[PDB]
Amino acid sequence: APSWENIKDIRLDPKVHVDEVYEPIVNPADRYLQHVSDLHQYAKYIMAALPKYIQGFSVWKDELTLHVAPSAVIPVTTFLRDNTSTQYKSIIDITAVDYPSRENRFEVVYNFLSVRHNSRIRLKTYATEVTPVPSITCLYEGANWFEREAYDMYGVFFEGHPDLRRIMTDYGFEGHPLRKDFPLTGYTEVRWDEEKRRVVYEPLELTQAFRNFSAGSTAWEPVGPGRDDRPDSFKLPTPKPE
Amino acid sequence: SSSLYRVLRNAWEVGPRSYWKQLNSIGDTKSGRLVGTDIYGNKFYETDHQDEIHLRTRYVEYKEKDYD
Amino acid sequence: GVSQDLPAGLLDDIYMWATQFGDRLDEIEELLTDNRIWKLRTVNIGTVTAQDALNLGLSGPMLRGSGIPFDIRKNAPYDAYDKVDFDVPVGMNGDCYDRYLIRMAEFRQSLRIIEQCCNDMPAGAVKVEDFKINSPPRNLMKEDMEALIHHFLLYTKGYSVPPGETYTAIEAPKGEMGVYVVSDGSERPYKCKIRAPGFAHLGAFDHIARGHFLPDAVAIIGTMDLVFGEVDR
Amino acid sequence: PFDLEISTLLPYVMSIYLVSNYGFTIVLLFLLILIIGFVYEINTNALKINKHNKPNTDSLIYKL
Amino acid sequence: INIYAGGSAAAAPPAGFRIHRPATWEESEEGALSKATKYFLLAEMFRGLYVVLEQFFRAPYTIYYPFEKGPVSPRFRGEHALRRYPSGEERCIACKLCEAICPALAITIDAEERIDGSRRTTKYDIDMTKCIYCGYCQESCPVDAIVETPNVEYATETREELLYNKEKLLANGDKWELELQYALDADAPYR
Amino acid sequence: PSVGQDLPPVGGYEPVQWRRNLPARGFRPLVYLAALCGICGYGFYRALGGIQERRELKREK
Amino acid sequence: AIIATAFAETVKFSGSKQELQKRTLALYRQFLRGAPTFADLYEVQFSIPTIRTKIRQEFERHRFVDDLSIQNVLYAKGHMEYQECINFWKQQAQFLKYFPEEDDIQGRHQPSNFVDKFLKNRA
Amino acid sequence: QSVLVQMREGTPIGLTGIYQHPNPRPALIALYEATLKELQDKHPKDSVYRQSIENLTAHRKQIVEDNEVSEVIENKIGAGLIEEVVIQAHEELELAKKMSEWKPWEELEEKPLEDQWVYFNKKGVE
Amino acid sequence: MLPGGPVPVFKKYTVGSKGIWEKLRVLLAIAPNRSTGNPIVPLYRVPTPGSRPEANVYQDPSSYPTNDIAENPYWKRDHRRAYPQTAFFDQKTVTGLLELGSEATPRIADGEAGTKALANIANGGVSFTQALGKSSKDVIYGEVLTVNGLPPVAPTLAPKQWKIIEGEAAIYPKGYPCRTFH
Ligand code: SF4
Ligand code: SF4
């Protein structure tokens with residue numbers, strides 16, 4: 001008897017009917033507070049174990065950043081790879097960020113994962129256009145391509161790298177695009193020249209010039225100061241009045 | 001349905017004129033009821049047969065030989 | 001959240017598709033899974049160890065085929081994966097056959113999740129009800145003054161994000177996909193780096209494909225599941 | 001050589017009746033002697049392609 | 001109950017995480033002759049052949065395109081159009097929100113005071129070869145002026161035909177108003 | 001509120017098939033081997049019987 | 001591991017100008033030795049002497065630099081370009097960026113004084 | 001003397017490249033005792049690094065000495081299978097031998113400049 | 001059965017056979033369970049998306065405490081402007097937490113004495129290594145290391161304890177080299 005011809009038309013089954021939808025008002029940051037305290041304690045331990053290297057630490061919403069100098073990259077990474085309580089074995093990303101107001105303009109960021117403990121950590125160093133950073137390819141082979149990309153985009157030289165060359169950009173590209181002084185459209189363009197029978201690189205001319213529209217940025221301060229979510233164990237003590 | 005009885009039955013429904021027109025235009029033999037006509041002269045049809053699959057139930061018969 | 005709510009009659013059709021997708025999976029498996037030639041082209045090709053899988057930065061099926069039970073949907077759930085039941089496939093031997101089996105198990109678990117979501121879809125809004133972050137509805141933008149102001153600003157200047165930075169990731173079907181954003185308090189990002197899962201895998205190609213013949217390199221590129229927009233960004 | 005073997009079997013299949021039970025034994029001895037060389041070929045693994053970049057199978061031992 | 005040194009209750013292995021052991025040729029629940037028959041007679045391969053052949057007798061999925069179209073929705077994002085009111089007046093008021101939200105900078109607008117004192121455009125251009133067909137302009141418009149039709153059949157021989165201007169877009173709206181009205185009557189409550 | 005939203009039914013949906021459905025099919029392999037051996041044995045009975053008749057026809061010729 | 005390519009050089013920043021001197025001279029030697037390969041690989045319409053003249057020009061461009069770290073960066077990028085040219089990674093289109101002089105004369109009016117540039121709105 | 005840290009052939013455990021360790025507990029005890037020797041010899045008593053790894057190694061060594069079964073050790077030491085605990089011990093030993101030559105207990109080698117570590121929070125710069 | 005299959009054909013919304021041809025198909029099929037994936041045209045994507053009745057009754061959805069018109073000030077639900085600050089700790093600020101205490105465990109004098117005790121750390125008076133050497137057992141074992149003296153592990157926001165599914169409820173049978181983890 002039963003077949004696809006005598007099949008239940010589910011389009012006419014009664015649907016769930018809800019009068020009022022109830023959703024409580026909750027702050028998404030309140031979910032993180034205990035973990036934040038835990039990361040604070042953890043970072044305190046790392047700072048106390050490596051006071052020669054760790055300049056600082058910072059903590060925001062399940063993200064711990066460790067603040068070190070270039071000389072301190074290889075030691076701290078060895079610690080973060082081989083120590084039993086800090087088994088960050090997977091390299092996730094290596095990046096650079098241009099802060100041209102700083103004397104050391106580039107901030108080289110490292111992201112690490114521990115599948116053992118299911119935790120992530122971040123490590124930040126600094127660099128310039130001419131001062132290099134130590135390569136962590138000796139520890140993480142996955143860092144090769146990432147460090148290459150950081151060089152190609154920003155110009156950060158990683159000393160110790162086996163083959164540091166451009167990875168993203170054209171084979172004779174002159175410049176490092178993600179620098180803030182590099183323009184969006186770059187300096188050159190390409191066409192086919194029928195005379196030379198060749199693809200020729202020429203200066204830039206746009207039929208429609210780029211329109212930024214960042215002049216419409218808000219003149220009023222959008223978001224105030226945040227909310228202090230340090231635990232009381234990591235706020236300095238106010239002395240009793242008397 | 002990709003069977004011969006389909007094309008034979010439809011070509012019995014739509015006469016041989018429509019069969020040769022459809023063979024020269026669509027490549028397939030379809031029988032449906034006329035739904036309407038547009039301002040350009042294209043006729044639009046709809047089928048009710050179980051043989052025709054999802055998204056093959058509505059079709060067009062253009063007026064121009066250089067259809068588009 | 002989401003741009004527009006679901007149109008009417010979509011869950012029924014998704015269920016109609018789900019009632020039959022399993023047989024499609026089964027028909028693909030009949031050709032591929034127990035086949036001699038498939039196993040020859042896949043068994044003990046592209047082998048990567050768990051330790052080297054971690055050192056190279058691999059994730060997803062590439063890391064789960066080597067034996068490590070890691071999935072961000074279970075270890076750090078983000079949207080609703082903490083409210084739906086699914087299993088994670090993990091394989092030994094680190095080969096391409098194990099990755100293929102992992103991906104077919106992931107097909108079936110995605111179907112499971114789709115069933116549960118079609119059964120347990122709640123009511124309410126699909127985007128945040130804060131019109132300083134999301135556009136209001138049109139019938140309020142065309143009757144309420146605050147709604148129109150907020151529409152205007154969100155579509156001209158944009159919403160201003162607090163200053164800071166975040167690396168967050170998902171278990172993309174390719175692996176661990178991540179975005180390192182920096183906010184300067186402005187409406188535009190200061191820095192956005194995409195951690196594409198294919199970048200690391202194609203970087204590991206040199207380690208994985210050494211000692212292999214050229215027909216096996218094709219299988220390795222195929223099991224890395226390399227789309228090049230993400231590799232090159 | 002194997003092609004010449006299989007082509008030298010053509011006289012037998014065109015003479016099979018006339019050489020009744022004598023040439024049969026002779027061609028069987030022929031095939032056995034030529035199967036010995038095939039056995040040699042298989043046991044030497046002469047048509048196998050060898051791989052240089054072996055995977056390392058040696059243990060990790062730490063001098064204390 | 002337990003104190004952990006460099007570890008966790010979650011990082012401890014599951015109960016059966018150690019795989020059992022490989023199986024040798026002994027400890028085999030399958031005779032040698034049976035698996036040799038499966039070896040010489042290509043069992044799974046004939047099964048795959050049959051699963052392919054079963055599809056030979058199933059309905060092809062192919063739709064004959066110039067004569068049968070595929071599925072389109074009210075939300076579909078295709079060729080652009082400038083709409084009017086039933087008055088005949090044009091809806092656009094040169095607010096320049098579509099120009100502002102457009103990620104590809106495909107829209108170019110210029111406006112001034114019309115002779116009858118109205119805020120209306122003198123220039124409205126879309127470079128389709130810049131556009132990404134995202135719909136942000138159709139979402140941004142407060143008067144339902146710029147819209148995207150369900151049309152995709154407007155390919156050209158020259159790229160100078162894809163630099164749409166105000167007259168092209170208004171004619172396209174005058175052409176596609178009925179389809180746009182179907183789509184709006186279906187879609188507007190959801191946006 | 002929630003008026004015209006796309007929502008599921010009250011008893012949900014009937015469950016879908018997401019587990020493997022590759023059923024074992026076919027006779028046990030030795031049945032196929034026995035059929036092969038019988039087919040080829042009968043073919044040999046039929047062919048060798050024809051060779052002998054051809055030999056006798058050759059005698060006649 | 002991920003092994004380096006054919007003519008790769010590990011990035012090692014000299015702490016001395018006298019060592020970087022030898023490194024730069026070796027790189028110059030390598031470019032000069034490879035110029036015939038650059039003419040054969042890229043279908044070049046001009047002399048090998050012209051290629052060596054161009055190499056010498058680009059090495060003279062940075063001759064009177066004295067900051068050591070800038071010289072280190074320049075050496076590293078020069079070795080990058082050598083690896084890109086000797087290994088056939090570039091195409092003719094990118095290799096001939098260095099050689100705009102060899103392409104035919106770009107028109108008649110190339111200003112070199114004020115009134116020319118003024119009439120052409122380049123002053 | 002030499003210790004066996006990792007077997008790269010034989011009976012496979014669920015992880016690829018790691019195989020069954022014969023007699024793991026002696027290797028663990030050897031590596032832990034060597035780690036303790038290196039710390040007690042070449043690290044200061046008051047350093048937090050030494051105290052950390054001493055208490056860690058002693059906890060794990062008591063777990064390894066008192067219990068005989070590998071599963072019980074794997075449950076009491078909350079870090080993978082015992083074949084992974086051996087590798088963890090080996091890496092900790094090598095890290096201690098490396099941190100002997102380095103001097104993490106020392107004061108900060110390179111102090112940051114004041115400009116470094118300023119990110120868009122100071123109320124008057126944007 | 002299990003909760004996840006198999007399921008008959010007549011419960012699958014696909015166009016099949018009828019009559020003698022179904023009796024043949026279930027005879028010649030590797031799995032008669034299996035379907036021909038042509039959607040049932042009367043039921044699939046009908047009524048069309050541009051002809052749904054639910055559009056005329058659709059209204060914008062909401063939730064109660066945010067749609068309320070009386071006791072709902074925005075500043076009580078402005079979570080963007082209640083964002084958590086990024087805490088930064090240089091070495092000076094942590095030796096203060098070490099030499100002195102915290103607001104949870106103060107170890108600082110009272111009045112101006114503690115004020116300039118803090119000021120001696122705000123400037124380079126006492127160093128971080130000095131404060132670690134000067135730190136008692138009960139400070140380290142409890143505010144740097146754990147009470148048991150052990151170092152703290154890399155924390156996990158949501159710990160996930162794995163379970164292996166074996167046998168009949170697994171995805172693949174015993175022979176195959178992929179397992180199932182819940
Ligand atoms: S839909 Fe097209 S025209 Fe409109 S903003 Fe997006 S890309 Fe530009
Ligand atoms: S099309 Fe709409 S959004 Fe664009 S300027 Fe005109 S009214 Fe404004």
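Just so we're on the same page: letters track the sequence lines, and every chain starts at 1. In each ligand, atom 1 is the first atom listed, and ligand 1 is the first ligand listed.
With a heavy-atom cut-off of 4.0 Å, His80(E) touches ligand 1 through its side chain alone. Contacts with ligand 1 closer than 4.0 Å are made by no heavy atom of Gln138(E), backbone or side chain. Within the 4.0 Å heavy-atom criterion, both parts of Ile93(E), backbone and side chain, lie near ligand 2. Looking at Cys137(E) against ligand 2, nothing comes within 4.0 Å, counting heavy atoms. At a 4.0 Å heavy-atom cut-off, ligand 2 touches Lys96(E) through the backbone alone.
Using a 30° and 60° split on the angle between ring planes, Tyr164(E) and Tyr154(E) fall in the tilted class, from 30° to 60°. Between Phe173(A) and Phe182(A), the ring planes lie tilted relative to each other; the angle falls in the 30° to 60° range.
Distance check, rounded to the nearest 0.5 Å: CE of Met141(C) to CG of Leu154(C) gives 11.5 Å.
Backbone or side-chain N, O or S atoms of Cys134(E) reach atom 6 (Fe) of ligand 1 at under 2.8 Å. At a cut-off of 2.8 Å, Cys102(E) is counted among the residues with an N, O or S atom near atom 8 (Fe) of ligand 1.
Close contacts between ligand 1 and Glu148(E) involve ligand atoms 1 (S) [criterion: under 4.0 Å to a heavy atom]. Using a 4.0 Å cut-off to heavy atoms of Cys92(E), the atoms of ligand 2 that qualify are 1 (S), 5 (S), 6 (Fe), 7 (S). Of all atoms in ligand 1, listed by their number and element, those nearer than 4.0 Å to a heavy atom of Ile132(E) are 7 (S). The contact set between ligand 1 and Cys131(E), taken as ligand atoms under 4.0 Å from a residue heavy atom, comprises 2 (Fe), 3 (S), 7 (S). The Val143(E) neighbourhood of ligand 2 comprises atoms 7 (S), with distances under 4.0 Å to a heavy atom of that residue. Applying the 4.0 Å criterion to heavy atoms of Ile146(E) picks out, from ligand 2, the atoms 1 (S).
Heavy-atom distances between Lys130(E) and ligand 1 stay at or above 4.0 Å for every pair.
For atom 2 (Fe) of ligand 2, the closest non-hydrogen atom on the protein side is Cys141(E) SG, 2.3 Å. Among all non-hydrogen protein atoms, the one lying nearest atom 4 (Fe) of ligand 2 is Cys98(E) SG, 2.2 Å. Atom 1 (S) of ligand 1 has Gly135(E) N, 3.0 Å as its closest protein atom, hydrogens excluded (heavy atom only). The protein atom (non-hydrogen) at minimum distance from atom 8 (Fe) of ligand 2 is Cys95(E) SG, 2.2 Å.
Remark: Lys142(C) engages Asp144(E) in a salt bridge, criterion side-chain N to carboxylate O under 4.0 Å. Between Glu113(E) and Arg119(E) there is no salt bridge, since no side-chain nitrogen of the basic residue lies less than 4.0 Å from a carboxylate oxygen of the acidic one. For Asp130(C) and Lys132(C), the salt-bridge test fails: no basic side-chain N is under 4.0 Å from an acidic carboxylate O. Classification of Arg114(E) and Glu89(E) as a salt-bridged pair holds, one side-chain N sitting under 4.0 Å from a carboxylate O.
In summary, the aromatic rings of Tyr81(C) and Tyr78(C) are positioned with their centroids under 6.0 Å apart.
For the residue pair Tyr159(C)/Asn134(C), the side-chain donor-acceptor check at 3.5 Å is not satisfied.
The shortest distance between side-chain heavy atoms of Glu165(C) and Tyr180(C) falls below 4.5 Å. Taking the side chain as every heavy atom from C-beta outward, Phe213(A) and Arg188(C) approach each other to under 4.5 Å.
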